[PDB]
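Overview (structure and organization)
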Amino acid sequence: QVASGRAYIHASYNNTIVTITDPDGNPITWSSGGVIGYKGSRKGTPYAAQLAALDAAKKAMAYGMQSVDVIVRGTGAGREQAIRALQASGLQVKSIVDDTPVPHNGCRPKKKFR
Amino acid sequence: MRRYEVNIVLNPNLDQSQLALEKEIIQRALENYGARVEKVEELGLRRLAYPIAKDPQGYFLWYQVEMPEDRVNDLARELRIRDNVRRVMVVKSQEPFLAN
Amino acid sequence: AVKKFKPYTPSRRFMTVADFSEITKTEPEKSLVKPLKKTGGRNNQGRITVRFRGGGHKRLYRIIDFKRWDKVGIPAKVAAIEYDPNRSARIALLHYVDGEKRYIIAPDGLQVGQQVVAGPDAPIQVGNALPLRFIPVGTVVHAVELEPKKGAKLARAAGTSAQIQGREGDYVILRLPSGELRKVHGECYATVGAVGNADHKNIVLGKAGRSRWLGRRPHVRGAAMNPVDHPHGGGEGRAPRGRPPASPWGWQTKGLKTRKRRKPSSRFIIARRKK
Amino acid sequence: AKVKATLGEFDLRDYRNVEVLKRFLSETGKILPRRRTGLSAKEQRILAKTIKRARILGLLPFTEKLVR
Amino acid sequence: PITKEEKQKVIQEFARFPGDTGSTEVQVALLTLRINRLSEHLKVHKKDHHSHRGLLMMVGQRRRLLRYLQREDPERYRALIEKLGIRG
Amino acid sequence: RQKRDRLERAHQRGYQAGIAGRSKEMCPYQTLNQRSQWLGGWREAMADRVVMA
RNA sequence: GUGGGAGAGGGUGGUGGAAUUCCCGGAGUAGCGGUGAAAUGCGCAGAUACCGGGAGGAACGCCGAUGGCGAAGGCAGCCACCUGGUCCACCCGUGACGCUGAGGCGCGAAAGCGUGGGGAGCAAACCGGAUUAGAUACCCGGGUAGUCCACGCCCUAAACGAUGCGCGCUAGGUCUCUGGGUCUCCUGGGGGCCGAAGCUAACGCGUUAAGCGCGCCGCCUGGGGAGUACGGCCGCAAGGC
Ligand SMILES: [Mg+2]
Ligand SMILES: [Mg+2]
Ligand SMILES: [Mg+2]
Ligand SMILES: [Mg+2]
Ligand SMILES: [Mg+2]
Ligand SMILES: [Mg+2]
Ligand SMILES: [Mg+2]
Ligand SMILES: [Mg+2]
Ligand SMILES: [Mg+2]
Ligand SMILES: [Mg+2]
Ligand SMILES: [Mg+2]
Ligand SMILES: [Mg+2]
Ligand SMILES: [Mg+2]
Ligand SMILES: [Mg+2]
Ligand SMILES: [Mg+2]
Ligand SMILES: [Mg+2]
Ligand SMILES: [Mg+2]
Ligand SMILES: [Mg+2]
Ligand SMILES: [Mg+2]
Ligand SMILES: [Mg+2]
Ligand SMILES: [Mg+2]
Ligand SMILES: [Mg+2]
Ligand SMILES: [Mg+2]
Ligand SMILES: [Mg+2]
Ligand SMILES: [Mg+2]
Ligand SMILES: [Mg+2]
Ligand SMILES: [Mg+2]
Ligand SMILES: [Mg+2]
Ligand SMILES: [Mg+2]
Ligand SMILES: [Mg+2]
Ligand SMILES: [Mg+2]
Ligand SMILES: [Mg+2]
Ligand SMILES: [Mg+2]
Ligand SMILES: [Mg+2]
Ligand SMILES: [Mg+2]
Ligand SMILES: [Mg+2]
Ligand SMILES: [Mg+2]
Ligand SMILES: [Mg+2]
Ligand SMILES: [Mg+2]
Ligand SMILES: [Mg+2]
Ligand SMILES: [Mg+2]
Ligand SMILES: [Mg+2]
Ligand SMILES: [Mg+2]
Ligand SMILES: [Mg+2]
């Protein structure tokens, strides 16, 4: 089992997903706006990102996970109430990072993003 | 005949034997293209920003040389040719420019 | 370069021949030829076992060295480049310093008077042969052995070449000319460079005659036959296949995978070709 | 914090001092604007021209993840 | 590129009097040299058009000079293109 | 030329949007000639937070 | 001529990282994706999310900007090699060698075409889902040419500053690039801004003229028909002139 660890926050315009991992990076439990009650545009919200982030913690704790680093990838409207509720979920929250991938001008994006 | 300065990055994990042999092959090759060495700054290991060759550690040489303009590019090929050789960057010598 | 023609006759209009540029010397090494018995696709039974075959121009077989590790460490000079009627490629005449002369399939870029050699100690340059294990990953190479000391099989044809994608254990991983990804024993000799005459493919034969010179007799469609003869035979006045298209032997000829299921040779085949 | 002041007389042609150079990037590794560098026009060119060379050498990072 | 010695080499050869720098014959031979180098540059890289532009400007200039030289002094004109292997 | 005053607006829009603590850096107009101003306007004001402070 | 500069100017070879997709392995589980909202789509045959490894193509973030370079089209990771243009300073040389330019020749964005490569992302056509009275669209999930390289064609454009080129003469103010100097300034060449005089139908222009003059070229002569038809020339075609 594991106690020290880390948690990945996937923050997008349509949803927010979190995965709690072990320090080696292989996940332990995951959750997302979908996972609790919510379909469609509702998952895209801050309030939803909250329960997801919590259900992620509350299921981390059932394994004994205590200490976790938050690594953040996305730009969500659920991004804020996610990191927030993690600190407030009863987790050691030992650090906070933002890893969001960005290209150095890579492949041309879809018409939507032009 | 112009002044360039080669920068070679080699394998961190090499033998004294291995390292010496590459350092030989290098010194060798330079002679063959008509490179005359005007200096060496060799810094040994000196670790990195990112993992060249999946390896945080890296081994740096460097040489300020004088060789015929025409022959330089081939040299850099002949340098990279080695399994251990990792970067090779040659740069023409340009008199320093300072700020405040 | 593909020499073209003015159309002073109907066939001459589209016909094209090679440039024979890289060719230096025009009669073969007398010691190195040997006659090629022409079969006409008949086997020892007398029977045609391969159709539409025969009547080509007479040829002498030029003996080629597909081993090369035969002579390790002894350098050789390139004496000439010659036309070989038995293969798409061109052959290089080597004068070894030993005094012994051999032929090899000429890689692209060989010039006469170049020095080539074979073995582990060998510089990595066009025309030299090393076991694969000493060949830098990402280099393109040809005339590759498949199993060690068994002779070069892969990548001999004009323009072909195969590339080294990485090593794994006692094997290196090659991408064959087809696009197949095959594990191949490290101990196997390959020779650096691509096969020459990459222009071969651009040749337009141009008339029926030319095919006949190359020993290729007219091919007849199953459609143009009768039911005794062929699956597609018969039907009154010019018909569509009328069942899944098949070979004269009755096996399906579009898509039906034919390589043997259980072949021990897999487990070395990483990925099939291609696109 | 204009970094050309906070530092001293130095040559930015030489690409090898990761010391002198690394002050010139934001935490993330992004080359710093002219506002922050306190560099002139002509200078800023000779700067990043050499910075990149070093990033290629492996001495400077291309990027870093943002910490809170 | 052409190096100062190479230039001077030619320059001193075509100079009318010992100290000559300008002087149509010299100017010509200067262009001529940079031309023929460019030609060979082009024979190799055929895909370089911008540089080609220059060649035409150079060739153009050489022409003007040559003409002017011709309508002042023939002879000294006919002396140069033969000495320079020019005007085919 | 009477469209000066679109530039003038949009530069100013940016020059004030720049001086914030914090500003956006991401928030222009979708026309071109107007966006030069707002982003290069957000420039001075983001540079003037450096100078002085 | 001598001596110096700046720059994404062009051509060839090489090389670096970020990211997308696909593939192998691990770890893990009930949804993921997507919109205004949805659906198609993907997912217990184990996806999305996360970790490690590999393949591959394309484009080069921060620097970076109203900035720079080019005659125009246009040009951007970094390295070298080959190469054009252009600026400064010295007042050394030549002695009007000049400007322009019908035809000609070369270049000429994208799309398109031929041959052979290449194909990750994107994406005409195309197939679905929606919205709709319908929706041959806008939005969504797919997807082929094409987009990339070589070579050869094509020769068009809001190819625009809708301003042909060269020289001279006519307030300044301002900030910016890059040279030079007895360095606050002074001064040469680019780039913008407000503006004397003057111009203009007005808008506006204005030492980067649309001012005031000279040289030369190109074009205009009501709208539609029409950049059509006929002829000619060019192109593989499209189609151009
Ligand atoms: Mg999403
Ligand atoms: Mg011949
Ligand atoms: Mg005999
Ligand atoms: Mg028999
Ligand atoms: Mg018998
Ligand atoms: Mg063909
Ligand atoms: Mg056949
Ligand atoms: Mg037939
Ligand atoms: Mg019949
Ligand atoms: Mg039958
Ligand atoms: Mg029969
Ligand atoms: Mg029967
Ligand atoms: Mg039938
Ligand atoms: Mg019928
Ligand atoms: Mg029939
Ligand atoms: Mg069968
Ligand atoms: Mg340059
Ligand atoms: Mg390249
Ligand atoms: Mg990668
Ligand atoms: Mg997997
Ligand atoms: Mg991965
Ligand atoms: Mg433009
Ligand atoms: Mg230059
Ligand atoms: Mg004088
Ligand atoms: Mg074109
Ligand atoms: Mg195109
Ligand atoms: Mg094509
Ligand atoms: Mg539809
Ligand atoms: Mg679509
Ligand atoms: Mg798509
Ligand atoms: Mg078509
Ligand atoms: Mg315009
Ligand atoms: Mg202009
Ligand atoms: Mg017009
Ligand atoms: Mg004109
Ligand atoms: Mg006029
Ligand atoms: Mg100065
Ligand atoms: Mg000026
Ligand atoms: Mg300009
Ligand atoms: Mg004005
Ligand atoms: Mg007017
Ligand atoms: Mg008219
Ligand atoms: Mg038209
Ligand atoms: Mg007609």
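Residues numbered from 1 in each chain as written, not as in the entry; some residues may be left out. Chains lettered and ligands numbered in written order. Part of a larger assembly, values for the part shown. Heavy atoms only, no water. Residues with missing side-chain atoms left out of burial classes, pairs and counts.

Method-wise, the PDB entry is recorded as coming from X-ray crystallography, at a reported resolution of 3.0000 Å.

All names here are of chain A. Sheet topology note: the strand β4 (residues 67–74)/strand β5 (residues 95–98) ladder contains four bridges and is parallel. Considered in β5, the bridge of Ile-71 is made with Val-97. In this region the chain leaves β4, passes through helix α2 (residues 80–87) and returns to the parallel neighbour β5; the handedness of that crossover is right-handed. (Pairing = 2+ DSSP bridges. Helix = DSSP H or I, 4+ residues; strand = E, 2+ residues; numbered from the N terminus. Right-handed = clockwise from strand over helix to strand, strands pointing away.)

So, on to a nonpolar patch on the surface. On the surface, a nonpolar cluster with roughly 390 Å² of combined accessible area is contributed by C:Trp249, C:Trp251 and C:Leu256. Within the secondary structure layout, C:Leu256 lies in the loop between α1 (208–213) and β15 (269–271). (Patch = residues over 30% accessible without salt bridge, like charges linked within 9 Å, V, L, I, M, F, W, Y side chains within 5 Å. Areas by Shrake-Rupley, 256 points an atom, 1.4 Å probe, with all protein chains shown as cover. Salt bridge = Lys/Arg side-chain N within 4 Å of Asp/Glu carboxyl O.)

Residue and element names in this part refer to chain C. Taken in spatial order, the four strands of this open sheet run β5-β4-β3-β6, and their pairing is antiparallel. Looking at strand neighbours, the two that pair on one side only are β5 (101–105) and β6 (115–116), the edges of this open sheet. As defined by bridge partners, strand β4 (residues 90–96) adjoins β5 across five bridges and the pair is classed as antiparallel. Among the inter-strand pairings, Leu-94 is bridged to a residue of β5, identified as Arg-102.

Another aspect to go through is the sheet that holds β15(C). Residue and element names in this part refer to chain C. Pairing is antiparallel across the open sheet formed by seven strands, whose spatial order is β7-β14-β8-β11-β12-β13-β15. Two strands lie at the open edges of the sheet, namely β7 (129–131) and β15, each paired on one side alone. Within the sheet, the average angular offset between the axes of one strand and its neighbour, ignoring direction, is 45°. Examined bridge by bridge, strand β13 (residues 181–185) and β15 share two bridges and lie antiparallel to one another. Note on β15: the bridge partner recorded for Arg-182 is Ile-269. (Axes fitted to C-alpha atoms, helices over the stretch in contact; angles between N-to-C directions.)

Residues and elements named next belong to chain C. The full count for this structure, using the stated rule, is 30 salt bridges over all chains. Residues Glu-100 and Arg-102 are paired through a salt bridge, measuring 2.9 Å at the closest nitrogen-oxygen approach. For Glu-100, a relative accessible area of 30% corresponds to the partly exposed category. Its relative accessible area of 12% is what places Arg-102 among the buried residues. One network of salt bridges, with partners in common, ties together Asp-65, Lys-67, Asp-70, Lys-71, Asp-98, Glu-100 and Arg-102. (Buried < 20%, exposed > 50% of the residue type's maximum accessible area, 1.4 Å probe, protein only.)

The subject of this paragraph is empty space enclosed by the protein. In this structure, the largest cavity spans a volume of roughly 130 Å³. Around the largest cavity, the lining comprises 15 residues; the ones closest to its centre are C:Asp65, C:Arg68, C:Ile104, C:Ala143 and C:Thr191. Of all elements in the fold, only β5 and β14 (189–192) of chain C reach the threshold of two or more residues within the lining of the largest cavity. In this structure, the second largest cavity occupies an estimated 50 Å³ of space. Every residue lining the second largest cavity is listed: A:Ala7, A:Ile20, A:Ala56, A:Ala57, A:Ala60, A:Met65, A:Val68, A:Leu86, A:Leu91 and A:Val93. The leading source of residues in the lining of the second largest cavity is helix α1 (residues 46–61) of chain A, at three residues. (1 Å grid on protein atoms, 1.4 Å probe; cavity = no way out; pocket = protein on both sides within 12 Å on 5 of 7 lines; lining within 4 Å. Points joined across faces, edges and corners; volume = space filled by probe spheres on them.)

We now examine the packing of helix α2 (residues 24–44) of chain E against helix α3 (residues 49–72) of chain E. All names here are of chain E. Relative to each other, α2 and α3 sit at 150°, their axes nearing to 9 Å. When the axes of α2 and α3 are compared, the pair comes out roughly antiparallel. As α2 runs across α3, the sense of the crossing is left-handed. Listed contacts from α3 to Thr-24, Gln-27, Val-28, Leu-31, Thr-32, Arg-34, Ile-35, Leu-38, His-41 and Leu-42 of α2 are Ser-51, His-52, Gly-54, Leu-55, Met-58, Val-59, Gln-61, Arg-62, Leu-65, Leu-66, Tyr-68 and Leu-69. Looking at side-chain class alone, the contact of α2 with α3 contains twelve nonpolar, eight polar and two charged residues. (Parallel < 35°, antiparallel > 145°, perpendicular 65-115°, else oblique. Left-handed = near helix turned anticlockwise from the far one by under 90°. Contact = heavy atoms within 4.5 Å. Nonpolar A, V, L, I, M, F, W, Y, C, P; charged D, E, K, R; others polar.)

Time to look at the protein's contact with RNA strand G. Near RNA strand G, the surroundings consist of 95 residues, among which A:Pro27, A:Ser32, A:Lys43, A:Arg73 and D:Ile31 are the closest. Among the atoms of RNA strand G close to the protein, meaning within 4 Å, 77% are from sugar or phosphate groups. In the environment of RNA strand G, a phosphate oxygen lies 2.9 Å from a nitrogen or oxygen atom belonging to the side chain of B:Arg2. E:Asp48 places a side-chain nitrogen or oxygen 2.6 Å from a sugar or linking oxygen of RNA strand G. Here the surface near RNA strand G takes eleven residues from α3(E), the largest share from any one element. (Near = heavy atom within 4 Å. Polar contact = N/O pair within 3.5 Å; in protein donor to acceptor, adjacent residues only side chain to side chain.)

Once that is clear, we can look at the interface of chain D and chain B. In this complex, chain D contributes 21 residues to the contact, which on the side of chain B involves 19 residues. If one sorts the elements of the side of chain D that touches chain B by residue count, helix α4 (residues 41–57) of chain D sits on top with six residues. Tallied by class, the residues present in the side of chain D that touches chain B amount to ten nonpolar, two polar and nine charged. In the sheet, strand β6 (residues 98–99) of chain B pairs with strand β1 (residues 10–11) of chain D via two bridges, with the strands oriented antiparallel. Counted as the bridge partner of B:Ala99 is D:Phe10 from β1(D).

Following F:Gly21, the chain continues into F:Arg22 via a peptide bond in cis, with omega recorded as 20°. Checked against the element boundaries, F:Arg22 lands in the loop between α1 (4–18) and α2 (33–47). In this structure, C:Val2 takes a positive phi of about 60° despite not being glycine. As for its placement among the helices and strands, C:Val2 is situated in the segment before β1 (33–35).

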